[PDB]
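In the authors' numbering, the protein residues as written are 1 to 62.
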């Protein structure tokens with residue numbers, strides 16, 4: 001069903017947006033060395049590239 005996937009994806013979008021903002025606040029308080037380090041933790045845990053974590057964070061600032 002299309003409307004149920006849309007309802008589910010949008011709900012997870014609102015929840016995941018909260019965690020991106022918290023990760024942003026942790027990154028905004030970190031030194032440039034720690035910012036790279038935090039992006040490498042998230043990438044190594046989630047199984048993505050460190051650059052993808054930054055592109056995902058970019059899409060949740062607007």
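We treat Cβ as the ideally placed atom computed from N, Cα and C, and that holds for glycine.
| field | Collapsed DSSP secondary structure at residue 9 in the structure displayed | value | In the displayed model, residue 9 falls within a helix according to three-state DSSP.
| query | In the structure shown, what three-state DSSP assignment does residue 68 receive? | reply | Any property of residue 68 remains undetermined from this structure, which presents the chain solely from 1 to 62.
| Going by the beta-carbon positions, is the gap between residue 38 and residue 46 smaller than 8 Å? | no
| request: Let me know the secondary structure DSSP gives residue 62 once reduced to three states. | output: Residue state, collapsed to three classes: coil.
| message | Do residue 52 and residue 67 count as a contact pair if the criterion is CB distance below 8 Å? | response | Since the displayed the chain opens at 1 and closes at 62, residue 67 lies outside it and no answer follows.
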